[PDB]
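Keep in mind that the numbers below use all heavy atoms, side chains included, and drop hydrogens, waters and symmetry copies. A note on names: the letters A, B, ... follow the listed sequences, proteins ahead of strands, and every chain is numbered from 1.
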Amino acid sequence: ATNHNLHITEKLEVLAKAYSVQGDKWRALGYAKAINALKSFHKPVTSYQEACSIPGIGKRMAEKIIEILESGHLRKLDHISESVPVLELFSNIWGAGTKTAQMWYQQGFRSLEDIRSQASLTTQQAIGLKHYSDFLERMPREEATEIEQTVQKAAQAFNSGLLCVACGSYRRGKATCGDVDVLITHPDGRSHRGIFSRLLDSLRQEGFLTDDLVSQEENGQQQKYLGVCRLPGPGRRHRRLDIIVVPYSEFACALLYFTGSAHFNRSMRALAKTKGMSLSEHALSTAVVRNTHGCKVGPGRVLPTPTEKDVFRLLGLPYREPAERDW
DNA sequence: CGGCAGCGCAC
DNA sequence: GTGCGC
DNA sequence: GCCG
Ligand SMILES: C[As](C)(=O)[O-]
Ligand SMILES: [Mg+2]
Ligand code: NA
């Protein structure tokens, strides 16, 4: 689906990014939705009225869209803080968001070297810093595959019936991936237990895992590892690797959630809500019970979903292949 | 206007 | 509790 | 930022 409003979506992507790095995440969200629409519009935008007919574009966005169309420029871009470029540089560090970026900028830091030399860093940020270049580049789809295989082989050594699948952008079919998320479960419903720990162990012993960002995260019955790996071989880069072990009963929803994209998940939650349901990485459930004051005082009932299709079906939706989940 | 999900971790 | 990424 |  070619974009017929490039010079517009280009200038808008700059302003969006600017708001994002300065902390205005919600406004950044709005821009990103509007920018998507502009790209997937069935043709070029020629009027303010036309612009306003596209869901996701309101008066203010139309206003900007038309300014670029007619004038070829966007004044707003000229008044963007000079700090932006640096705030982005600092936030490209895994573990450092806008607040940390702003703090470092206020302390007079300007380069990655200043950070490395005078900045106070958290354990995660330090790891993020030494792997700045590596974590910045998207890896070839092929390397993501090898990483998944490495995890799978080591997991199946403990139990051959385990099911492993790489999610994220990789499962959505992208040529390159910024990271790998390996979701692991077992069809029998309980043999996935007591796998997480010895698996990370096995992978560390063989030198595959080089750094831990979060060694273990317990979310209900889901165990998640956020770390860094590097395949054997000279010239291999370090890569962001996540490992998630979940009970089979939550495999579908976990698969759906970690395959994303983040915009897709967002739309699915919104839709669940309209049907009186909630969708999480754990399950599709009826909405929670709330008292007169309108406050969660009783979880909803989980609606069993063996496969992703079951989730789409219960939401009265046509199944969407992973490759079609960018938005 | 409030919602745009809500979680667990490191600090 | 806040900041961050999932 | 947009939406209801
Ligand atoms: C101000 As309005 C069109 O978002 O209700
Ligand atoms: Mg507001
Ligand atoms: Na960051």
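- Both tests hold for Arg110(A) against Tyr105(A): distance to the six-membered ring centre under 6.0 Å, angle to the ring axis within 45°.
- Tracing side-chain contacts under 4.5 Å through hydrophobic residues (I, L, V, M, F, W, Y), one never reaches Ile244(A) starting from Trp94(A); they form parts of separate clusters.
- A salt bridge links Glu88(A) with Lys17(A); the closest basic N to acidic carboxylate O contact falls under 4.0 Å.
- The pair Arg325(A)-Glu308(A) counts as a salt bridge, with a side-chain nitrogen and a carboxylate oxygen less than 4.0 angstrom apart.
- Considering only residues two or more places apart in sequence or on other chains, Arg240(A) meets the side chain to side chain donor-acceptor pair (under 3.5 Å) condition with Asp242(A).
- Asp211(A) has no carboxylate O lying under 4.0 Å from a charged side-chain N of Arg204(A), or vice versa, which leaves the two without a salt bridge.
- Between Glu321(A) and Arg172(A) there is no salt bridge, since no side-chain N of the basic residue sits under 4.0 Å from a carboxylate O of the acidic one.
- In this structure, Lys224(A) places its NZ atom 14 Å from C1' of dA10(B), rounding to the nearest Å.
- Distance, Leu74(A) CG to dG1(D) P: 10 Å, rounded to whole Å.
- Counting non-hydrogen atoms of neighbouring residues, nucleotides and ligands closer than 6.0 angstrom, the NZ atom of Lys43(A) exceeds 12 such neighbours.
- Sugar pucker of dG1(D) is north, as judged by a positive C1'-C2'-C3'-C4' dihedral.
- Comment: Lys153(A) does not engage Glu148(A) in a salt bridge, judged by the lack of any side-chain N to carboxylate O separation of less than 4.0 angstrom.
- In this structure, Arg198(A) does not pair ionically with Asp201(A), as no charged nitrogen and carboxylate oxygen lie closer than 4.0 Å.
- Of the residues in residues 87-121 of chain A, none lies under 4.0 Å from DNA chain D by heavy-atom distance.
- For the contact set between residues 316-327 of chain A and DNA chain D, defined by any heavy atom under 4.0 Å, there are no members.
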Stepwise salt bridge (charged side-chain N to carboxylate O under 4.0 Å, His left out) test for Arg138(A) and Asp179(A)
CA-CA 7 Å; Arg138(A) 319 256 314 178; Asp179(A) 64 53; over 6 Å; no

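- The phosphate of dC2(D) (OP1 or OP2) has no side-chain N or O of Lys59(A) nearer than 4.0 angstrom.
- Atom NE2 of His263(A) is separated from atom P of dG1(D) by 18 Å (rounded to the nearest Å).
- Under a cut-off of 6.0 angstrom, the local environment of CD in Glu324(A) is sparse, with at most 12 non-hydrogen atoms contributed by other residues, nucleotides or ligands.
- For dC11(B), the OP1/OP2 oxygens have a side-chain nitrogen or oxygen of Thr123(A) closer than 4.0 Å.
- As a whole-Å value, the separation of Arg269(A) CZ from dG6(B) P is 9 Å.
- Ion pairing between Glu63(A) and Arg75(A) fails under the 4.0 Å rule for side-chain N and carboxylate O.
- First and last contacts of DNA chain C with chain A, using any nucleotide atom under 4.0 Å from a protein heavy atom and ordered 5' to 3', fall at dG3(C) to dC6(C).
- Ring-centre distance between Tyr19(A) and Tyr31(A): below the 6.0 Å cut-off.
- Taking the P atom of each, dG4(D) and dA5(B) are spaced 15 Å apart, rounded to whole Å.
- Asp212(A) places its CG atom 10 Å from the P atom of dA10(B), with the value rounded to the nearest Å.
- Here the nucleotide nearest the side chain of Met61(A), chosen from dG1(D), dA5(B), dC11(B), is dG1(D).
- Across all strands shown, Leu279(A) has no heavy atoms under 4.0 Å from either base or sugar-phosphate atoms.
- Residues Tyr225(A) and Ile127(A) fall into different hydrophobic clusters, defined by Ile, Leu, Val, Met, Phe, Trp and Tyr side chains chained together at heavy-atom separations under 4.5 Å.
- What you find for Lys39(A) and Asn3(A) is that their closest heavy atoms are CA-OD1, 3.2 Å.
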Mind listing the N/O atom pairs, protein and nucleotides 7-9 of chain B, below 3.5 Å?
residue	atom	partner	partner atom	Å
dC9(B)	OP1	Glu218(A)	N	2.7

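- Listed pair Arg60(A) / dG1(D) meets the phosphate criterion, a side-chain N or O lying under 4.0 Å from OP1 or OP2.
- Listed by residue number, the members of residues 14-41 of chain A with any heavy atom below 4.0 angstrom from DNA chain D are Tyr19(A), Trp26(A), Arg27(A), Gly30(A), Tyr31(A).
- A perpendicular orientation is assigned to the rings of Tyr319(A) and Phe312(A), their planes being inclined by more than 60° (bins at 30° and 60°).
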